[PDB]
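Protein chains: 4
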Amino acid sequence: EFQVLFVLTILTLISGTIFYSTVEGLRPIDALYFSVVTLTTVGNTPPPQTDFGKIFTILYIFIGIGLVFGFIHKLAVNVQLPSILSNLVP
Amino acid sequence: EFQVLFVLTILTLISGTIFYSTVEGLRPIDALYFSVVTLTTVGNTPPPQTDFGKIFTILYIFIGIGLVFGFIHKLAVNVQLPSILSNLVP
Amino acid sequence: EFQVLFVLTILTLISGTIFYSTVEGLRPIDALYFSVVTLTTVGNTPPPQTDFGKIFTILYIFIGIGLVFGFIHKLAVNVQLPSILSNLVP
Amino acid sequence: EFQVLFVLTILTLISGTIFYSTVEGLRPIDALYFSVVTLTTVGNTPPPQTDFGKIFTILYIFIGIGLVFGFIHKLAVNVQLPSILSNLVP
Ligand code: NA
Ligand code: NA
Ligand code: NA
Ligand code: NA
Ligand code: NA
Ligand code: NA
C-alpha cells in the first residue's frame, strides 16, 4: 500500500517535472517544486505562462490531487503515527 | 455517480469560465484556469480585481468546493484505483 | 446542524472582516474576501503586512479552517446533494 | 490525543521557523507565518528563493501536512465542538 502510493506519487511528480521544465522552461528543481505545491494545493507560485501549461495543469490537478493526498494520508497514518503512538507507551 | 459528478463539475466550471471572462475580462482559457485552481484551492493566481468578481468568488467557493472534491474523490477512488489495484494482481 | 454551521461560519467571517479592515486597512469587501480565501485555503492574495496581521492570521486559520470546512461538508452534503440526487429520480 | 497533536504540531512549526529564518533569511515571525500557511495549504506568500529552501519545503509539506490537519481535526472536533454543541442545550 504505502510502497505503491510511494511509487505512484513519484511517477506523477516525475511527469510534472519533465512537463514544466520543457514547456514552461523551468529548471528541474523549480519544475518539481511547482508540481509539488500545485498537487498539495499550497500553490505559492505564479501560474503557468503558456496555454499548454494551463491546460496540462488543469488535468494534472484533477488526476494527481487524489493520489498525492492518499499517499499523505498514509505517510503519517501508517508510518509516522506508530513511531509516535507506540513510543507514547511508557 | 461518477458520470453525475462529471457533469455537475462541468457545469460549475462552465459558469465560472463565463463569469470571469465577462466580468474580469479574462480570455476563456484563463477564466477556466482561474475557476479550476480556485475551486481546488490551489489558488496560484492574483485575486479578482472587481468587487463583483470578489463577491461571486466567495459564493463560488462555498458552493463549488464540495462538488469538485467529491468528483476528485471518485476520479481516483472509483476509476484510477481499480486500474492500478486490479493490475497489482500477478 | 446546517443552520448552526451557517451562523458559526458567519460570526467567524464577521470577525475576520472587522480585523483585516482595521489592522490591515482593507475595505470591508476586501477584508471579507481575504478572510474567505484564507480559511478555505484558496489563498490567492498577498499576505498581511503587519505582524499583528500575521499573528492573528495564524490563529484564525487554526481555529477557523475546521469550522469552515465542516459547513462546506454540509452545504453540499445535506442541501445540494438531495436537490440533485432526489431529482435524478425519473 | 489533543495534547500530543498540540506538541507535535509545535515541534514541526519550530523546525520550520528555525529553517526559514536561517536559510531564507526571514525574521522569525515571517518564518513562522510561512511555515503555517504552507502546511495548512493557504500558501499566500511568494515561494522560497533558494534551492535548499525549495527542497526542504517539498519534504516539509509531505511530512507536516498530515499532522497539521490531524490537529485541526481535533482543535474543532474534540474541543470547539462540545463548547458549541453542549451549549446548544437549553
Ligand atoms: Na488547500
Ligand atoms: Na491553497
Ligand atoms: Na493556495
Ligand atoms: Na495559494
Ligand atoms: Na497562492
Ligand atoms: Na499567490
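Chains as they are written, first to last, in my numbering: chain A, 131 to 220; chain B, 131 to 220; chain C, 131 to 220; chain D, 131 to 220.
Where is the CB? At the ideal position from N, CA and C, for every residue including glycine.
Using a Cβ-Cβ cut-off of less than 7 Å, give me the residues of the segment 161–193 of chain D that come near chain B, in sequence order.
Cβ contacts with chain B come from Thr-171.
Is the Cβ of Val-134/C closer than 8 Å to any Cβ of chain D?
To locate residue 134/C, count along the third sequence from 1; it is residue 4. For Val-134/C, the answer is yes, since a Cβ of chain D falls inside 8 Å of its Cβ.
Using a threshold of 8 Å, state whether the C-beta atoms of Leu-143/B and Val-167/B are closer than that.
The count along the second sequence starts at 1 and reaches residue 143/B at position 13. The count along the second sequence starts at 1 and reaches residue 167/B at position 37. Contact flag unset, no.
Could one say the Cβ of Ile-148/D lies closer than 8 Å to chain C's Cβ atoms, at least one of them?
On the fourth sequence, residue 148/D is found 18 positions in, with the first residue counted as 1. No - not a single Cβ of chain C is within 8 Å of the one on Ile-148/D.
Using 8 Å as the threshold, is the segment 179–195 of chain A in touch with the segment 184–192 of chain D, meaning 3 or more CB pairs across them?
Flag = no, the segment 179–195 of chain A and the segment 184–192 of chain D do not touch.
For the segment 177–204 of chain C, which segments carrying the alpha helix (DSSP H) assignment without a break, of at least 4 residues, lie completely within its bounds, in sequence order?
Runs of the alpha helix (DSSP H) lying entirely within the segment 177–204 of chain C, each at least 4 residues long, are absent.
Using 10 angstroms around the beta-carbon of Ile-140/D, count the other beta-carbons present and answer buried if the total reaches 16, otherwise exposed.
Reading the fourth sequence from its first residue, position 10 is the one you call residue 140/D. By the 16-neighbour rule on beta-carbons within 10 angstroms, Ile-140/D is exposed.
Indicate, with yes or no, if ligand 2 has a heavy atom lying under 7 Å from the CB of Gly-173/A.
Looking up residue 173/A in the first sequence gives position 43. The answer is yes for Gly-173/A.
Alpha helix (DSSP H) containing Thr-171/D: first to last residue?
As a working note, residue 171/D is residue 41 in the fourth sequence. Counted as a single uninterrupted DSSP element, the stretch harbouring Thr-171/D is not any alpha helix (DSSP H), since DSSP gives it neither H nor E.
Please report the straight-line C-alpha distance between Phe-201/C and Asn-208/C, rounded to a whole angstrom.
Taking the first residue of the third sequence as 1, we reach residue 201/C at position 71. Taking the first residue of the third sequence as 1, we reach residue 208/C at position 78. The alpha-carbon separation between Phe-201/C and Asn-208/C amounts to approximately 10 Å.
How should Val-219/C be labelled, buried or exposed, when 16 other C-beta atoms within 10 angstroms of its C-beta is the threshold for buried?
Within the third sequence, residue 219/C is the residue found at index 89, counting from 1. So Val-219/C ends up on the exposed side.
My understanding is that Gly-173/C touches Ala-161/C, with C-beta atoms under 8 Å, so please give their C-beta distance in whole angstroms.
Reading the third sequence from its first residue, position 43 is the one you call residue 173/C. Reading the third sequence from its first residue, position 31 is the one you call residue 161/C. About 15 Å separates the two Cβ atoms, so there is no contact after all.
Taking 8 Å as the threshold (C-beta atoms), are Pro-177/C and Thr-175/D in contact?
In the fourth sequence, residue 175/D corresponds to position 45, counting from 1. In the third sequence, residue 177/C corresponds to position 47, counting from 1. In this structure, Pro-177/C lies closer than 8 Å to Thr-175/D by Cβ.
Using the rule of at least 16 other Cβ atoms within 10 Å of the residue's Cβ for burial, across every protein chain shown, is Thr-171/D buried or exposed?
The residue labelled residue 171/D in the question sits at position 41 within the fourth sequence. Its Cβ being crowded by 16 or more others within 10 Å, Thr-171/D is buried.
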